[PDB]
Amino acid sequence: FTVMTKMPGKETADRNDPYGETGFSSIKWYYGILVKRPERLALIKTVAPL
Amino acid sequence: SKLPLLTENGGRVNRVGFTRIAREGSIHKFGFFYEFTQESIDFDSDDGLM
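- For this entry, the PDB record names cryo-EM as the structure determination method and reports a resolution of 4.0 Å.

1. Quick look at the overall build of chain A
Here is step 1: The secondary structure content of chain A amounts to zero helices and two strands.
Here is step 2: The C-alpha radius of gyration of chain A comes to 24 Å, more than 25% above the 10 Å expected for a compact globule of 50 residues.
Here is step 3: Seen through its C-alpha atoms, chain A measures out along the principal axes to roughly 60 × 35 × 15 Å.
Here is step 4: Across the 50 residues that make up chain A, the buried fraction comes to 6%.
Here is step 5: A distance of 17 Å separates the average location of the 8 positive side-chain charges in chain A from that of its 5 negative side-chain charges.

2. Structural notes on the overall build of chain B
Here is step 1: Each helix and strand counted, chain B has one helix and zero strands in total.
Here is step 2: Its C-alpha radius of gyration of 36 Å places chain B more than 25% over the 10 Å reference for a compact globule of 50 residues.
Here is step 3: In chain B, which comprises 50 residues, the proportion classed as buried is 4%.
Here is step 4: Across chain B, the centroid of the 6 positively charged side chains sits 46 Å from that of the 8 negatively charged ones.

3. Focus on the packing of aromatic side chains
For any two aromatic rings, the description comes down to two numbers: the centre-to-centre distance and the angle of the planes.
Here is step 1: Within the structure shown, the criterion is met by two aromatic pairs over all chains.
Here is step 2: For the pair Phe1 of chain A and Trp29 of chain A, a centre-to-centre distance of 5.4 Å together with 85° between the ring planes defines the contact as edge-to-face. Residue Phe1 of chain A is located in the segment before β1 (2–6), and its partner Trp29 of chain A is located in the segment after β2 (24–28); the two are separated by 28 residues in the primary sequence.
Here is step 3: Between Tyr34 of chain B and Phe36 of chain B, the aromatic rings sit 6.0 Å apart at their centres with planes inclined by 45°, giving tilted as the arrangement.

4. Things to note about the interface of chain A and chain B
Here is step 1: Each partner contributes residues to the interface: chain A has six residues there, and chain B has eight residues.
Here is step 2: Regarding the contact of chain A and chain B, the summed buried area is about 530 Å², with carbon and sulfur atoms giving 43% of it.
Here is step 3: When the buried surface of chain A facing chain B is broken down by residue, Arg15, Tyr19 and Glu21 of chain A rank first, second and third, together holding 75% of it.
Here is step 4: Counting across the interface, chain A meets chain B through one residue pair in polar contact.
Here is step 5: Partitioning the side of chain A that touches chain B into residue classes produces two nonpolar, one polar and three charged.

5. Details of a nonpolar patch on the surface
Residues and elements named next belong to chain A.
Here is step 1: There is a patch of nonpolar side chains on the surface, built from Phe1, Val3, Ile27, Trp29, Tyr31 and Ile33 and spanning about 880 Å² of accessible area.
Here is step 2: Tracing the sequence through the fold places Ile33 in the segment after β2.
Here is step 3: Look at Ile33 and you get exposed, because its relative accessible area is 74%.

Criteria and cut-off values
Residues numbered from 1 in each chain as written, not as in the entry; some residues may be left out. Chains lettered and ligands numbered in written order. Part of a larger assembly, values for the part shown. Heavy atoms only, no water. Helix = DSSP H or I, 4+ residues; strand = E, 2+ residues; numbered from the N terminus. Rg over C-alpha atoms; globule rule 2.2 N^0.38 Å. Buried < 20%, exposed > 50% of the residue type's maximum accessible area, 1.4 Å probe, protein only. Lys, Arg positive; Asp, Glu negative; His and termini not counted. Charge placed at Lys NZ, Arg CZ, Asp CG, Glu CD. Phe/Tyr/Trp six-rings, centres within 6.5 Å; stacked < 30°, edge-to-face > 60°. Contact = heavy atoms within 4.5 Å. Buried area = accessible area lost by both parts, 1.4 Å probe. Polar contact = N/O pair within 3.5 Å; in protein donor to acceptor, adjacent residues only side chain to side chain. Nonpolar A, V, L, I, M, F, W, Y, C, P; charged D, E, K, R; others polar. Patch = residues over 30% accessible without salt bridge, like charges linked within 9 Å, V, L, I, M, F, W, Y side chains within 5 Å. Areas by Shrake-Rupley, 256 points an atom, 1.4 Å probe, with all protein chains shown as cover. Salt bridge = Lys/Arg side-chain N within 4 Å of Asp/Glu carboxyl O.

This is the structure we're talking about:
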């Protein structure tokens, strides 16, 4: 998880916001799976009582 | 009515500017002289006229 946090201060001071009273925090990651042998996975589909 | 005020969402709000002024002067040249002849200095009764 790549986390990037900018607290209010000179870090967020900008021509659009000279005073810099906004901040944010973000998080991102990569995912994907590879299936080698599909035969070994099993499944049984059914209904369930209330 | 002309005070500088802000809100929590600060932005392009209050701008100020500065000015400078320049001054000048000049220079001029002076002088005067006098001339004499040798007999005037040699034969005058006053020894020390120079």
